[PDB]
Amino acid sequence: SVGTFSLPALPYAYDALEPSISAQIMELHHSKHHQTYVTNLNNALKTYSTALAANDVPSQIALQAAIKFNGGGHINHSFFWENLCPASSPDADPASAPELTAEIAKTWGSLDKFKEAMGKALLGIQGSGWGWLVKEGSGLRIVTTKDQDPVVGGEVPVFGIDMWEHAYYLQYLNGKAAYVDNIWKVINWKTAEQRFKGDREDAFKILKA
């Protein structure tokens, strides 16, 4: 059936990411923002089914913005919750991703240099957007996307970090740098390791729900 998406539950409690991410932000980010992206996606898919059947290409093009923005929001946030875990969990330990860290160290020199290069790209985003570590054929790359544009060009997304203001403003105010340093404590490196070992279809299996 067309447009039958639903909001998946979190793999953890709303306060499980504290003190890195407050329980209020996790509640608003998931139950409000992410829910809205899922809802408007279903409506857009149902409206597109009408235009596609009638061969109304002007209406299909006019609907592309709503599908890209809302579909990407559901895609990016579905990835986001999976690659986040409480700091106490062993998944937050970079040692749980031995093959990923080896390629990371070969590319940027070390894990600390990659976190510096990753952090630099996140703080350099002008406006709303995301920062991603992706997998291209042979090596790795740091890429940024604006608003809710997803990584659907062929690359294998390893993990992403939301730099939208709704993700940190209630706790860090304008201090986005403090939000980046603290989010490294809640990065699920086990999820990042698995996605790095699978192909594109494997990473996009989180979309089942």
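Residue positions are given as counts along the sequence shown, with the first one as 1.
For the segment pair 142-150 and 49-57, the entry gives 49-57 the higher mean B-factor, averaged over Cα atoms. Averaged over CA atoms, B-factors in the entry run higher in 131-139 than in the other of 116-124 and 131-139. Per the deposited coordinates, the residue with the largest Cα temperature factor out of 176, 166, 32, 68 is 32. Based on the entry's C-alpha B-factors, the most elevated value among 78, 110, 83, 89 belongs to 110. Among the modelled residues of the chain, residue 20 sits in the middle third by CA temperature factor in this PDB entry. Residue 182 sits in the highest third of its chain by CA B factor, as recorded in the PDB entry.
When the modelled residues of the chain are ordered by their C-alpha B factor, residue 207 lands in the lowest third. When the CA B factors of the chain's modelled residues are split into thirds, the value for residue 37 lands in the lowest one.
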